[PDB]
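Trainee: File work.pdb below, PDB, C-alpha atoms:
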ATOM      1  CA  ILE A 252      -2.136  19.542  18.435  1.00  0.00           C
ATOM      2  CA  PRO A 253      -5.478  20.205  16.687  1.00  0.00           C
ATOM      3  CA  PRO A 254      -8.434  18.539  18.437  1.00  0.00           C
ATOM      4  CA  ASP A 255      -9.393  16.220  15.560  1.00  0.00           C
ATOM      5  CA  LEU A 256      -6.009  14.509  15.933  1.00  0.00           C
ATOM      6  CA  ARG A 257      -7.005  13.781  19.560  1.00  0.00           C
ATOM      7  CA  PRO A 258     -10.632  12.770  18.994  1.00  0.00           C
ATOM      8  CA  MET A 259     -13.215  12.402  21.755  1.00  0.00           C
ATOM      9  CA  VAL A 260     -16.191  10.323  20.619  1.00  0.00           C
ATOM     10  CA  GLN A 261     -18.997   8.684  22.581  1.00  0.00           C
ATOM     11  CA  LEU A 262     -19.751   4.970  22.391  1.00  0.00           C
ATOM     12  CA  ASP A 263     -23.164   3.301  22.286  1.00  0.00           C
ATOM     13  CA  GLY A 264     -23.243   2.625  26.035  1.00  0.00           C
ATOM     14  CA  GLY A 265     -22.708   6.297  26.889  1.00  0.00           C
ATOM     15  CA  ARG A 266     -19.003   6.126  27.741  1.00  0.00           C
ATOM     16  CA  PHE A 267     -16.542   8.449  26.018  1.00  0.00           C
ATOM     17  CA  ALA A 268     -13.561   7.190  24.005  1.00  0.00           C
ATOM     18  CA  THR A 269     -10.807   9.659  24.863  1.00  0.00           C
ATOM     19  CA  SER A 270      -7.161   9.599  23.788  1.00  0.00           C
ATOM     20  CA  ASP A 271      -3.954   9.523  25.810  1.00  0.00           C
ATOM     21  CA  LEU A 272      -2.948  12.960  24.494  1.00  0.00           C
ATOM     22  CA  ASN A 273      -5.805  14.585  26.423  1.00  0.00           C
ATOM     23  CA  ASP A 274      -4.578  13.099  29.709  1.00  0.00           C
ATOM     24  CA  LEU A 275      -1.024  14.303  29.030  1.00  0.00           C
ATOM     25  CA  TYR A 276      -2.174  17.787  27.993  1.00  0.00           C
ATOM     26  CA  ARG A 277      -4.235  18.109  31.178  1.00  0.00           C
ATOM     27  CA  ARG A 278      -1.235  17.253  33.372  1.00  0.00           C
ATOM     28  CA  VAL A 279       0.700  20.217  31.951  1.00  0.00           C
ATOM     29  CA  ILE A 280      -1.998  22.857  32.504  1.00  0.00           C
ATOM     30  CA  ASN A 281      -2.900  21.563  35.980  1.00  0.00           C
ATOM     31  CA  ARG A 282       0.745  21.842  37.068  1.00  0.00           C
ATOM     32  CA  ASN A 283       1.173  25.197  35.304  1.00  0.00           C
ATOM     33  CA  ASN A 284      -1.853  26.770  37.000  1.00  0.00           C
ATOM     34  CA  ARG A 285      -0.583  25.502  40.359  1.00  0.00           C
ATOM     35  CA  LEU A 286       2.826  27.088  39.726  1.00  0.00           C
ATOM     36  CA  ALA A 287       1.194  30.441  38.962  1.00  0.00           C
ATOM     37  CA  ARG A 288      -0.866  30.050  42.150  1.00  0.00           C
ATOM     38  CA  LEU A 289       2.166  29.325  44.347  1.00  0.00           C
ATOM     39  CA  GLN A 290       4.175  32.208  42.856  1.00  0.00           C
ATOM     40  CA  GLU A 291       1.344  34.666  43.619  1.00  0.00           C
ATOM     41  CA  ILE A 292       0.708  33.874  47.304  1.00  0.00           C
ATOM     42  CA  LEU A 293       4.485  33.778  48.117  1.00  0.00           C
ATOM     43  CA  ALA A 294       4.716  30.053  48.784  1.00  0.00           C
ATOM     44  CA  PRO A 295       7.615  28.396  50.637  1.00  0.00           C
ATOM     45  CA  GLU A 296      10.534  27.680  48.323  1.00  0.00           C
ATOM     46  CA  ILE A 297      10.446  23.920  48.999  1.00  0.00           C
ATOM     47  CA  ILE A 298       6.978  23.788  47.386  1.00  0.00           C
ATOM     48  CA  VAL A 299       7.837  25.979  44.395  1.00  0.00           C
ATOM     49  CA  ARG A 300      10.950  23.872  43.742  1.00  0.00           C
ATOM     50  CA  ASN A 301       8.855  20.695  43.884  1.00  0.00           C
ATOM     51  CA  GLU A 302       6.201  22.231  41.614  1.00  0.00           C
ATOM     52  CA  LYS A 303       8.725  23.172  38.918  1.00  0.00           C
ATOM     53  CA  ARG A 304      10.192  19.652  39.028  1.00  0.00           C
ATOM     54  CA  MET A 305       6.784  18.117  38.292  1.00  0.00           C
ATOM     55  CA  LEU A 306       6.267  20.639  35.489  1.00  0.00           C
ATOM     56  CA  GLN A 307       9.573  19.450  34.013  1.00  0.00           C
ATOM     57  CA  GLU A 308       8.389  15.836  34.274  1.00  0.00           C
ATOM     58  CA  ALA A 309       4.950  16.566  32.787  1.00  0.00           C
ATOM     59  CA  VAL A 310       6.291  18.006  29.523  1.00  0.00           C
ATOM     60  CA  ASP A 311       8.981  15.323  29.184  1.00  0.00           C
ATOM     61  CA  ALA A 312       6.367  12.590  29.640  1.00  0.00           C
ATOM     62  CA  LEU A 313       4.196  14.381  27.071  1.00  0.00           C
ATOM     63  CA  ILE A 314       6.978  14.466  24.467  1.00  0.00           C
ATOM     64  CA  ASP A 315       8.644  11.076  25.068  1.00  0.00           C
ATOM     65  CA  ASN A 316       6.953   9.010  27.781  1.00  0.00           C
ATOM     66  CA  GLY A 317       9.508   6.822  29.535  1.00  0.00           C
ATOM     67  CA  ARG A 318      12.635   8.437  28.086  1.00  0.00           C
ATOM     68  CA  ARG A 319      14.244   9.845  31.251  1.00  0.00           C
ATOM     69  CA  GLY A 320      12.021   8.971  34.216  1.00  0.00           C
ATOM     70  CA  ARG A 321       9.370   6.368  34.899  1.00  0.00           C
ATOM     71  CA  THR A 322       6.549   5.714  32.444  1.00  0.00           C
ATOM     72  CA  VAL A 323       3.267   7.265  33.587  1.00  0.00           C
ATOM     73  CA  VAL A 324       0.023   5.290  33.329  1.00  0.00           C
ATOM     74  CA  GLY A 325      -3.683   6.076  33.372  1.00  0.00           C
ATOM     75  CA  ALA A 326      -6.675   3.976  34.393  1.00  0.00           C
ATOM     76  CA  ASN A 327      -5.426   0.841  32.647  1.00  0.00           C
ATOM     77  CA  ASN A 328      -1.899  -0.245  33.581  1.00  0.00           C
ATOM     78  CA  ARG A 329      -0.569   0.160  30.019  1.00  0.00           C
ATOM     79  CA  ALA A 330       1.815   2.890  28.895  1.00  0.00           C
ATOM     80  CA  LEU A 331       0.363   6.209  27.778  1.00  0.00           C
ATOM     81  CA  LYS A 332       0.785   7.254  24.146  1.00  0.00           C
ATOM     82  CA  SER A 333       2.997  10.343  23.984  1.00  0.00           C
ATOM     83  CA  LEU A 334       3.797  12.593  21.017  1.00  0.00           C
ATOM     84  CA  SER A 335       6.905  10.636  19.986  1.00  0.00           C
ATOM     85  CA  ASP A 336       5.438   7.135  20.456  1.00  0.00           C
ATOM     86  CA  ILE A 337       3.088   7.545  17.457  1.00  0.00           C
ATOM     87  CA  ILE A 338       5.818   7.882  14.804  1.00  0.00           C
ATOM     88  CA  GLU A 339       8.775   5.638  15.766  1.00  0.00           C
ATOM     89  CA  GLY A 340       7.247   2.196  16.322  1.00  0.00           C
ATOM     90  CA  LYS A 341       6.041  -0.452  13.916  1.00  0.00           C
ATOM     91  CA  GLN A 342       2.469   0.707  14.629  1.00  0.00           C
ATOM     92  CA  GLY A 343       3.434   4.357  14.123  1.00  0.00           C
ATOM     93  CA  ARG A 344       2.294   6.873  11.541  1.00  0.00           C
ATOM     94  CA  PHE A 345       5.164   6.072   9.159  1.00  0.00           C
ATOM     95  CA  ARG A 346       4.918   2.284   8.839  1.00  0.00           C
ATOM     96  CA  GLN A 347       1.122   1.930   9.160  1.00  0.00           C
ATOM     97  CA  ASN A 348      -0.432   5.053   7.590  1.00  0.00           C
ATOM     98  CA  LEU A 349       2.093   6.528   5.112  1.00  0.00           C
ATOM     99  CA  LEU A 350       4.117   3.694   3.570  1.00  0.00           C
ATOM    100  CA  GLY A 351       1.128   1.342   3.738  1.00  0.00           C
ATOM    101  CA  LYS A 352      -2.566   2.213   3.489  1.00  0.00           C
ATOM    102  CA  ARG A 353      -5.894   0.407   3.291  1.00  0.00           C
ATOM    103  CA  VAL A 354      -7.311   0.958  -0.186  1.00  0.00           C
ATOM    104  CA  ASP A 355     -10.847   1.194  -1.536  1.00  0.00           C
ATOM    105  CA  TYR A 356     -12.300  -0.922  -4.383  1.00  0.00           C
ATOM    106  CA  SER A 357     -10.671  -4.038  -2.937  1.00  0.00           C
ATOM    107  CA  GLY A 358     -11.620  -7.521  -1.803  1.00  0.00           C
ATOM    108  CA  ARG A 359     -10.385 -11.045  -1.232  1.00  0.00           C
ATOM    109  CA  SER A 360     -11.456 -14.683  -1.499  1.00  0.00           C
ATOM    110  CA  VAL A 361     -10.047 -18.195  -1.462  1.00  0.00           C
ATOM    111  CA  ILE A 362      -8.513 -19.554  -4.667  1.00  0.00           C
ATOM    112  CA  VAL A 363      -9.255 -22.750  -6.586  1.00  0.00           C
ATOM    113  CA  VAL A 364      -7.394 -24.207  -9.548  1.00  0.00           C
ATOM    114  CA  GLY A 365      -8.922 -23.344 -12.900  1.00  0.00           C
ATOM    115  CA  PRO A 366      -8.021 -25.659 -15.763  1.00  0.00           C
ATOM    116  CA  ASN A 367      -9.400 -25.357 -19.334  1.00  0.00           C
ATOM    117  CA  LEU A 368      -8.493 -21.653 -19.180  1.00  0.00           C
ATOM    118  CA  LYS A 369      -5.674 -19.396 -20.374  1.00  0.00           C
ATOM    119  CA  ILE A 370      -3.011 -17.185 -18.815  1.00  0.00           C
ATOM    120  CA  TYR A 371      -3.928 -13.493 -18.038  1.00  0.00           C
ATOM    121  CA  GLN A 372      -7.409 -14.750 -17.073  1.00  0.00           C
ATOM    122  CA  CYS A 373      -8.863 -15.269 -13.604  1.00  0.00           C
ATOM    123  CA  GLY A 374     -12.195 -16.490 -12.283  1.00  0.00           C
ATOM    124  CA  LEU A 375     -14.199 -13.748 -10.614  1.00  0.00           C
ATOM    125  CA  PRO A 376     -17.498 -14.411  -8.794  1.00  0.00           C
TER     126      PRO A 376
ATOM    127  CA  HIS B  11      -4.603 -11.253 -30.690  1.00  0.00           C
ATOM    128  CA  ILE B  12      -4.359  -8.302 -28.312  1.00  0.00           C
ATOM    129  CA  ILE B  13      -1.397  -9.819 -26.444  1.00  0.00           C
ATOM    130  CA  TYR B  14       0.359 -10.365 -29.784  1.00  0.00           C
ATOM    131  CA  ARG B  15      -0.262  -6.708 -30.657  1.00  0.00           C
ATOM    132  CA  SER B  16       1.213  -5.510 -27.347  1.00  0.00           C
ATOM    133  CA  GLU B  17       4.506  -7.390 -27.740  1.00  0.00           C
ATOM    134  CA  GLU B  18       5.061  -5.797 -31.153  1.00  0.00           C
ATOM    135  CA  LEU B  19       4.430  -2.376 -29.597  1.00  0.00           C
ATOM    136  CA  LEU B  20       6.846  -2.893 -26.693  1.00  0.00           C
ATOM    137  CA  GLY B  21       9.539  -4.059 -29.102  1.00  0.00           C
ATOM    138  CA  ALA B  22      11.635  -1.722 -31.273  1.00  0.00           C
ATOM    139  CA  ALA B  23      10.928   1.242 -28.987  1.00  0.00           C
ATOM    140  CA  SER B  24      14.036   1.358 -26.667  1.00  0.00           C
ATOM    141  CA  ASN B  25      11.937   2.470 -23.645  1.00  0.00           C
ATOM    142  CA  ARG B  26       9.041   0.396 -22.312  1.00  0.00           C
ATOM    143  CA  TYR B  27       8.146   3.089 -19.748  1.00  0.00           C
ATOM    144  CA  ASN B  28       7.701   5.767 -22.441  1.00  0.00           C
ATOM    145  CA  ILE B  29       5.560   4.041 -25.078  1.00  0.00           C
ATOM    146  CA  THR B  30       3.002   3.062 -22.416  1.00  0.00           C
ATOM    147  CA  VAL B  31       2.422   6.755 -21.673  1.00  0.00           C
ATOM    148  CA  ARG B  32       1.635   7.403 -25.352  1.00  0.00           C
ATOM    149  CA  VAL B  33      -0.963   4.620 -25.194  1.00  0.00           C
ATOM    150  CA  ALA B  34      -2.505   6.163 -22.068  1.00  0.00           C
ATOM    151  CA  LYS B  35      -2.461   9.644 -23.626  1.00  0.00           C
ATOM    152  CA  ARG B  36      -4.130   8.372 -26.818  1.00  0.00           C
ATOM    153  CA  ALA B  37      -6.845   6.429 -24.977  1.00  0.00           C
ATOM    154  CA  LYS B  38      -8.072   9.691 -23.435  1.00  0.00           C
ATOM    155  CA  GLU B  39      -8.451  11.161 -26.931  1.00  0.00           C
ATOM    156  CA  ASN B  40     -10.388   8.090 -28.086  1.00  0.00           C
ATOM    157  CA  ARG B  41     -12.673   8.351 -25.049  1.00  0.00           C
ATOM    158  CA  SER B  42     -13.444  12.026 -25.694  1.00  0.00           C
ATOM    159  CA  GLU B  43     -14.075  11.301 -29.385  1.00  0.00           C
ATOM    160  CA  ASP B  44     -16.503   8.481 -28.466  1.00  0.00           C
ATOM    161  CA  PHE B  45     -18.825  10.771 -26.476  1.00  0.00           C
ATOM    162  CA  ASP B  46     -21.760  10.070 -28.823  1.00  0.00           C
ATOM    163  CA  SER B  47     -24.573   7.563 -28.316  1.00  0.00           C
ATOM    164  CA  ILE B  48     -22.672   4.799 -30.151  1.00  0.00           C
ATOM    165  CA  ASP B  49     -20.575   2.885 -27.606  1.00  0.00           C
ATOM    166  CA  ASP B  50     -18.870  -0.383 -28.519  1.00  0.00           C
ATOM    167  CA  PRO B  51     -18.629  -2.743 -25.506  1.00  0.00           C
ATOM    168  CA  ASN B  52     -15.963  -4.968 -27.100  1.00  0.00           C
ATOM    169  CA  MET B  53     -13.539  -2.222 -28.211  1.00  0.00           C
ATOM    170  CA  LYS B  54     -12.527  -0.210 -25.155  1.00  0.00           C
ATOM    171  CA  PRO B  55     -10.620   3.075 -25.628  1.00  0.00           C
ATOM    172  CA  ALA B  56      -7.631   1.533 -23.832  1.00  0.00           C
ATOM    173  CA  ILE B  57      -7.596  -1.391 -26.277  1.00  0.00           C
ATOM    174  CA  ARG B  58      -8.231   0.790 -29.348  1.00  0.00           C
ATOM    175  CA  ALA B  59      -5.122   2.864 -28.582  1.00  0.00           C
ATOM    176  CA  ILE B  60      -2.942  -0.253 -28.905  1.00  0.00           C
ATOM    177  CA  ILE B  61      -4.401  -1.420 -32.230  1.00  0.00           C
ATOM    178  CA  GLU B  62      -4.221   2.046 -33.806  1.00  0.00           C
ATOM    179  CA  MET B  63      -0.623   2.571 -32.664  1.00  0.00           C
ATOM    180  CA  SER B  64       0.531  -0.783 -34.064  1.00  0.00           C
ATOM    181  CA  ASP B  65      -1.033  -0.155 -37.484  1.00  0.00           C
ATOM    182  CA  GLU B  66       0.905   3.106 -37.892  1.00  0.00           C
ATOM    183  CA  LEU B  67       4.131   1.440 -36.708  1.00  0.00           C
ATOM    184  CA  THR B  68       4.463  -1.158 -39.544  1.00  0.00           C
TER     185      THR B  68
ATOM    186  CA  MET C   1      11.804 -27.279 -36.465  1.00  0.00           C
ATOM    187  CA  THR C   2      13.672 -29.903 -34.436  1.00  0.00           C
ATOM    188  CA  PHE C   3      12.657 -33.372 -33.283  1.00  0.00           C
ATOM    189  CA  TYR C   4      13.064 -34.184 -29.609  1.00  0.00           C
ATOM    190  CA  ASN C   5      13.611 -37.943 -29.593  1.00  0.00           C
ATOM    191  CA  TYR C   6      14.188 -38.424 -25.868  1.00  0.00           C
ATOM    192  CA  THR C   7      12.283 -38.676 -22.598  1.00  0.00           C
ATOM    193  CA  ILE C   8      11.190 -35.268 -21.304  1.00  0.00           C
ATOM    194  CA  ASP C   9      11.942 -34.294 -17.699  1.00  0.00           C
ATOM    195  CA  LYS C  10      11.257 -31.052 -15.828  1.00  0.00           C
ATOM    196  CA  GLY C  11      14.702 -29.620 -16.575  1.00  0.00           C
ATOM    197  CA  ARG C  12      14.300 -30.424 -20.267  1.00  0.00           C
ATOM    198  CA  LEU C  13      10.983 -28.541 -20.276  1.00  0.00           C
ATOM    199  CA  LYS C  14      12.603 -25.361 -18.930  1.00  0.00           C
ATOM    200  CA  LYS C  15      15.076 -25.415 -21.826  1.00  0.00           C
ATOM    201  CA  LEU C  16      12.118 -25.429 -24.234  1.00  0.00           C
ATOM    202  CA  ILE C  17      10.472 -22.432 -22.539  1.00  0.00           C
ATOM    203  CA  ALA C  18      13.759 -20.499 -22.557  1.00  0.00           C
ATOM    204  CA  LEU C  19      14.261 -21.304 -26.254  1.00  0.00           C
ATOM    205  CA  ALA C  20      10.827 -19.920 -27.181  1.00  0.00           C
ATOM    206  CA  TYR C  21      11.591 -16.637 -25.390  1.00  0.00           C
ATOM    207  CA  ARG C  22      14.816 -16.024 -27.326  1.00  0.00           C
ATOM    208  CA  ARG C  23      13.270 -16.633 -30.767  1.00  0.00           C
ATOM    209  CA  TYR C  24       9.587 -15.641 -30.622  1.00  0.00           C
ATOM    210  CA  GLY C  25       9.096 -13.360 -27.593  1.00  0.00           C
ATOM    211  CA  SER C  26       6.597 -13.484 -24.730  1.00  0.00           C
ATOM    212  CA  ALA C  27       3.246 -13.976 -26.482  1.00  0.00           C
ATOM    213  CA  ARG C  28       4.191 -17.169 -28.335  1.00  0.00           C
ATOM    214  CA  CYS C  29       6.128 -18.407 -25.292  1.00  0.00           C
ATOM    215  CA  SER C  30       3.030 -18.182 -23.091  1.00  0.00           C
ATOM    216  CA  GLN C  31       0.998 -20.043 -25.723  1.00  0.00           C
ATOM    217  CA  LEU C  32       3.582 -22.847 -25.745  1.00  0.00           C
ATOM    218  CA  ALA C  33       3.313 -23.274 -21.970  1.00  0.00           C
ATOM    219  CA  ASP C  34      -0.483 -23.078 -22.276  1.00  0.00           C
ATOM    220  CA  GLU C  35      -0.496 -25.970 -24.765  1.00  0.00           C
ATOM    221  CA  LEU C  36       2.114 -28.038 -22.900  1.00  0.00           C
ATOM    222  CA  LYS C  37      -0.143 -28.204 -19.828  1.00  0.00           C
ATOM    223  CA  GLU C  38      -3.126 -29.394 -21.860  1.00  0.00           C
ATOM    224  CA  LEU C  39      -0.849 -32.225 -23.005  1.00  0.00           C
ATOM    225  CA  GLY C  40       0.267 -32.998 -19.454  1.00  0.00           C
ATOM    226  CA  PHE C  41      -3.215 -32.931 -17.924  1.00  0.00           C
ATOM    227  CA  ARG C  42      -4.609 -35.222 -20.634  1.00  0.00           C
ATOM    228  CA  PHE C  43      -1.981 -37.980 -20.493  1.00  0.00           C
TER     229      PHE C  43
END
What's the structure tokens form of this structure?

Mentor:
Amino acid sequence: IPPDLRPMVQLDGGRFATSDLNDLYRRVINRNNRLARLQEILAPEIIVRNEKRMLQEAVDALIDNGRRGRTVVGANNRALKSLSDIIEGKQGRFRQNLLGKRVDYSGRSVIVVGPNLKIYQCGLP
Amino acid sequence: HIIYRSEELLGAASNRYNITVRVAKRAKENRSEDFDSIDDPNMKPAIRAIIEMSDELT
Amino acid sequence: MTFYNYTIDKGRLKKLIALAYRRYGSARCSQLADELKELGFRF
């Protein structure tokens, strides 16, 4: 994904506000560089078989977290946001950013009853 | 009397979604023709397109 | 014009609003409901 769709900003206290896509992308490359390291030094086959199984679980948790195996977590004990979990839910990209948007030139207030007026006329402060 | 002029325009037209495009396409001509220093605050170009279209309807 | 010589309820008011739509349209029907609520708020 492009990096602006996984933004990394810094807060006022100095901490960084990372996304869950950066933690799932890093699990793929860390297990892919280990597989290229084990295949170069002629590792035992019980370690290469276990490394390819974790590479299969890293991509599947990146695409749909919690579909086949167990749901991976991060620092907080909530579920990580995968690539598929941002489009299917009620808080996904379809039902919260495409079918319904927050508009400009808008506002709200409480309403009171206006008598001595007409229809097609409203009181505006 | 603007709401009485709009009900006469929507009637005898057979398509209420087509005669409102001709009002919106005439208000842009009245806005470009009113580019001089004289600007009437009471007669908007969107309101003047409804009065001029109802006078030619008869 | 007709003369309504009976006591007016809510259901008899909706027949008057529906009769003004069939004969006069929407502009005169909204003016009738605008004047009927000045009469109700006063009395």

Trainee: Using atom CA of residue A:352 and atom CA of residue A:256 as the two end points, give the distance in Å to one decimal.

Mentor: 17.8 Å

Trainee: Applied to this file, what does the ChimeraX specification (/B :<8) & /C return in terms of residues, put as a list in words?

Mentor: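 On the file shown, the ChimeraX specification (/B :<8) & /C covers residues 25, 26, 27 and 28 of chain C.
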
Trainee: For residue B:34, find every residue with an atom within 12 Å (counting all atoms listed in the file), except residues of its own chain fewer than 5 positions away, and show them as a PyMOL selection string.

Mentor: chain B and resi 27-29+39-41+55-60+63

Trainee: Tell me, as a short mmCIF file (atom, residue, chain, number, x, y, z; two decimals) with C-alpha atoms, in the coordinates of the input, which residues lie within 12 Å of residue C:42, counting all atoms listed in the file; anything in the same chain fewer than 6 positions away does not count.

Mentor:
data_model
loop_
_atom_site.label_atom_id
_atom_site.label_comp_id
_atom_site.auth_asym_id
_atom_site.auth_seq_id
_atom_site.Cartn_x
_atom_site.Cartn_y
_atom_site.Cartn_z
CA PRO A 366 -8.02 -25.66 -15.76
CA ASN A 367 -9.40 -25.36 -19.33
CA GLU C 35 -0.50 -25.97 -24.76
CA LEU C 36 2.11 -28.04 -22.90
#

Trainee: For the file shown, report as a PyMOL selection string the outcome of the PyMOL selection byres ((chain A and resi 255) around 12) at residue level.

Mentor: chain A and resi 252-254+256-260+269-270+272-273

Trainee: Please write the residues from the selection above to a file, keeping C-alpha atoms, as an mmCIF file, in the coordinates of the input.

Mentor:
data_model
loop_
_atom_site.group_PDB
_atom_site.id
_atom_site.type_symbol
_atom_site.label_atom_id
_atom_site.label_comp_id
_atom_site.auth_asym_id
_atom_site.auth_seq_id
_atom_site.Cartn_x
_atom_site.Cartn_y
_atom_site.Cartn_z
ATOM 1 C CA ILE A 252 -2.136 19.542 18.435
ATOM 2 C CA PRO A 253 -5.478 20.205 16.687
ATOM 3 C CA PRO A 254 -8.434 18.539 18.437
ATOM 4 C CA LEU A 256 -6.009 14.509 15.933
ATOM 5 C CA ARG A 257 -7.005 13.781 19.560
ATOM 6 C CA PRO A 258 -10.632 12.770 18.994
ATOM 7 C CA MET A 259 -13.215 12.402 21.755
ATOM 8 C CA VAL A 260 -16.191 10.323 20.619
ATOM 9 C CA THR A 269 -10.807 9.659 24.863
ATOM 10 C CA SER A 270 -7.161 9.599 23.788
ATOM 11 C CA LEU A 272 -2.948 12.960 24.494
ATOM 12 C CA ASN A 273 -5.805 14.585 26.423
#

Trainee: Rank nothing, just name the residue among C:39, C:13, C:8, C:20 nearest to chain A, using only C-alpha atoms.

Mentor: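 That would be C:39, the residue with the smallest distance to chain A.
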
Trainee: What separation in Å, quoted to one decimal, exists between atom CA of residue A:339 and atom CA of residue A:282?

Mentor: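 Pair atom CA of residue A:339 / atom CA of residue A:282 returns 27.9 Å.
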
Trainee: Around all of stretch 27-42 of chain C's listed atoms, make the axis-aligned box with 5 Å on each side and tell me centre and edge lengths in Å to one decimal, as lines of an AutoDock Vina configuration file.

Mentor:
center_x = 0.8
center_y = -24.6
center_z = -23.1
size_x = 20.7
size_y = 31.2
size_z = 20.4

Trainee: Do me a favour and pick out the residues of chain C within 8 Å of chain A, using only C-alpha atoms, as a PDB file with C-alpha atoms, in the coordinates of the input.

Mentor:
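File written: part-v8.pdb
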ATOM      1  CA  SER C  30       3.030 -18.182 -23.091  1.00  0.00           C
ATOM      2  CA  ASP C  34      -0.483 -23.078 -22.276  1.00  0.00           C
ATOM      3  CA  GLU C  38      -3.126 -29.394 -21.860  1.00  0.00           C
TER       4      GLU C  38
END

Trainee: If you measure from atom CA of residue C:11 to atom CA of residue C:41, what distance in Å do you get, rounded to one decimal?

Mentor: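 Calculated distance between atom CA of residue C:11 and atom CA of residue C:41 is 18.3 Å.
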
Trainee: Given the PyMOL selection byres ((chain A and resi 360) around 12) and the file above, list the residues it selects as a ChimeraX atom specification.

Mentor: /A:357-359,361-363,374-376

Trainee: Write the residues you've just listed into a file as a short mmCIF file (atom, residue, chain, number, x, y, z; two decimals), keeping the file's coordinate frame, and include C-alpha atoms for each of them.

Mentor:
data_model
loop_
_atom_site.label_atom_id
_atom_site.label_comp_id
_atom_site.auth_asym_id
_atom_site.auth_seq_id
_atom_site.Cartn_x
_atom_site.Cartn_y
_atom_site.Cartn_z
CA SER A 357 -10.67 -4.04 -2.94
CA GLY A 358 -11.62 -7.52 -1.80
CA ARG A 359 -10.38 -11.04 -1.23
CA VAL A 361 -10.05 -18.20 -1.46
CA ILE A 362 -8.51 -19.55 -4.67
CA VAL A 363 -9.26 -22.75 -6.59
CA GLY A 374 -12.20 -16.49 -12.28
CA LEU A 375 -14.20 -13.75 -10.61
CA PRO A 376 -17.50 -14.41 -8.79
#

Trainee: What's the 9 Å shell around stretch 327-338 of chain A, counting only C-alpha atoms, without same-chain residues fewer than 5 positions away, as number ranges by chain?

Mentor: A: 270-272, 274-275, 312-317, 322, 343-346

Trainee: Mind checking which residues fall within 12 Å of residue C:4, counting all atoms listed in the file, ignoring those fewer than 5 positions away in the same chain, and posting them as a PyMOL selection string?

Mentor: chain C and resi 9+12-13+15-16
